[PDB]
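[1] sequence, then the experimental structure. Questions to follow.
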Amino acid sequence: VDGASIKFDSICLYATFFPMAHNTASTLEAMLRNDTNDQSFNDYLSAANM
Amino acid sequence: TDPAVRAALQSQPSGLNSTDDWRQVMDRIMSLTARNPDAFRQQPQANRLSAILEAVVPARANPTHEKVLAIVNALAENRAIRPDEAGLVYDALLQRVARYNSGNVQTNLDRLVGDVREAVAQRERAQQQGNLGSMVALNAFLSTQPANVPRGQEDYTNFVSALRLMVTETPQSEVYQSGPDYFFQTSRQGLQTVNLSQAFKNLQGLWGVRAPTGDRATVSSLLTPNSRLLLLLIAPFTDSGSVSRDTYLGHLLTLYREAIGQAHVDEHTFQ
């Protein structure tokens, strides 16, 4: 009720790639695809809210 | 790390002491292990139960990735592709298998991992065994060369056998043909390349007539330096009496053989 307003003119997504030695990156990519080396994550406020 | 593509693979798709080797886990969980018994009896409950639950009913696994990675690694260690190409071709083969899969395909894949393991081992031992390709090239060149020398023949064929023995007995030596000539490199990325065709052409005229003329350095300039290197490389071979002595060629061979000899001997002595 105070006339505050905001518009998005444009938006872009940025990313940063670590320049890895191609053979090392290739072997890492090979290893990371097997089931035994799957990545896992959890969350700090592991929780639930109510 | 390890050349055996099975071993150099299985480091990548595997846990550590999981229920892939069921017998060891079952031995350790009851009491059977003697190295450190009662280890499992005193872990937290969850862990204990979970192993036990894993042990009584094993969980099936999908070994497609393991086999495909094994064959890819075999290709990489055998110079079939570059390592970047290895990273790409792993996914390529994975898609290929996944879009045509069948029990027959898995059977052929196991056959193939066995075959590539054997292939890598064979390639390594053959590369350390003498490089038959050089022998084939040398035999082709010798077929190109004539086998008859009007002045002297025993020395010529003795020298030919000596050269054959030299190329056979030292692996990593290269014999090939680049232009309209055959050559002999004592090592990959190595100096001392001998123009074999030119050396034989020059040496054809010195076989059976340089024995009486060895005392006077009147024809000594006929020996082109390339052929001199060729003779120098065969000093350890063609031991005394193989080439008839009192011959300019024989004299050079004997001198070179004596020189190299004092050297290696003194060297293993060192200190």
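    Thanks, I have the structure now. Numbering: from 1, shown residues only, chains lettered A, B, ... in the order given.
[2] tell me if stretch B:11-20 is near chain A.
    Yes - using C-beta under 8 Å from any C-beta of the partner chain, stretch B:11-20 reaches chain A at B:12, B:13, B:14, B:15. C-beta coordinates here come from the backbone N, C-alpha and C atoms, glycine included.
[3] and that stretch, end to end?
    13 Å (C-alpha to C-alpha, to the nearest Å).
[4] how about the closest residue to chain A within the stretch 51-200 of chain B, phi and psi?
    Distances between the stretch 51-200 of chain B and chain A by C-beta to the nearest C-beta are smallest at residue B:87, namely 2.7 Å. With angles defined as degrees, to the nearest 10, residue B:87 sits at phi -60, psi -40.
[5] let me see the contact set for it.
    Taking C-beta atoms under 8 Å, 6 or more residues apart in numbering or on different chains, we find residue B:87 in contact with A:22, A:25, A:26, A:27, A:29, A:30.
[6] a markdown table for the residues you listed, including secondary structure?
    Formatted as a markdown table, the contacts of residue B:87 follow (DSSP: H, G, I helix; E, B strand; the rest coil):
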| residue | secondary structure |
| --- | --- |
| A:22 | helix |
| A:25 | helix |
| A:26 | helix |
| A:27 | helix |
| A:29 | helix |
| A:30 | helix |
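[7] just to revisit the earlier point, buried members of the residues of stretch B:11-20 next to chain A into PyMOL, please.
    Buried residues within the residues of stretch B:11-20 next to chain A, by 16 or more other C-beta atoms under 10 Å in any protein chain shown, are selected in PyMOL with:
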select buried, chain B and resi 12+13
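[8] which of the residues of stretch B:11-20 next to chain A fall in strands?
    The members of those all map outside strands under DSSP state E.
[9] closest to chain A among the residues of stretch B:11-20 next to chain A?
    residue B:13 (4.1 Å).
[10] shouldn't that closest one be in contact with residue A:32?
    No - Residue B:13 is beyond contact range of residue A:32, at 10.8 Å (criterion: C-beta atoms under 8 Å).
[11] and residue B:261, how close does it get to chain A?
    Distance of residue B:261 to chain A, given as C-beta to the nearest C-beta, to the nearest Å: 45 Å.
[12] list the helices and strands whichever strand or helix holds that residue packs on?
    For residue B:261, the host element (DSSP states H and E) is helix B:248-269. Applying 3 or more C-beta pairs under 8 Å, 6 or more residues apart in numbering or on different chains; DSSP states H and E, we find helix B:248-269 packed against helix B:154-169, helix B:225-233.
[13] using a markdown table, please lay out those helices together with distance to chain A.
    Compiled in a markdown table, the helices and strands packed on helix B:248-269 are given as follows (distance: least, C-beta to the nearest C-beta, whole Å):
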| stretch | distance to chain A |
| --- | --- |
| helix B:154-169 | 35 |
| helix B:225-233 | 37 |
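[14] with mean neighbour count and distance to residue B:189 as added columns, please give those in JSON lines.
    JSON lines is the format used below for those (neighbours: other C-beta atoms under 10 Å in any protein chain shown; distance: least, C-beta to C-beta, whole Å):
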{"stretch": "helix B:154-169", "mean neighbour count": "17", "distance to residue B:189": "18"}
{"stretch": "helix B:225-233", "mean neighbour count": "17", "distance to residue B:189": "17"}
